[PDB]
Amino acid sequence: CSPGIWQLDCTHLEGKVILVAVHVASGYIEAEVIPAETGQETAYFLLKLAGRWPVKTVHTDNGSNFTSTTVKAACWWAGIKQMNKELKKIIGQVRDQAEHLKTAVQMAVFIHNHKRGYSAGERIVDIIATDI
């Protein structure tokens, strides 16, 4: 698709919430473990994401994710308008490597983003730079 579209979702594992953002054009993933699946967590995460990539529009598979005032506030300020099983597959394979789940998650993001025919990491920067 077009280069400012991201998709946000939460997935659950070991009683914790993993917030997963996928840049739709590239497959590039950013991800964080959060304590609770709250609107404030989504708001802050959206602020972090928009300061790093040019985020125009965000989609989700759970629309109610985006109905908190806090989320709306974040999108308003950052100018935002409205392949997780592979990620869960990589987590499972490296989970023994690490104590904390959050560490396994960032390992899995690293593998995913740098697996190649280019990697999701190389596609996002080419896509965004072409756009400029």
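Start at 1 and count along the sequence shown; that's the residue number.
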Is it true that at least a third of the other compared entries have no coordinates for residue 117? yes
Taking residue 82 and residue 83 as adjacent modelled residues, how many residues of the deposited sequence between them have no coordinates (none, 1 to 3, 4 to 9, 10 or more)? 10 or more
Can you tell me how many deposited residues have no coordinates between residue 116 and residue 117? The categories are none, 1 to 3, 4 to 9, and 10 or more. 4 to 9
Averaging C-alpha B-factors over each stretch, which comes out higher, 33-41 or 83-91? 83-91
For the C-alpha atoms alone, is the average B factor greater in 46-54 or in 92-100, going by the entry? 92-100
Member of 69, 106, 26, 62 with the greatest C-alpha B factor (per the PDB record): 69
Sorting the chain's modelled residues by C-alpha B-factor and splitting them into thirds places residue 14 in the middle
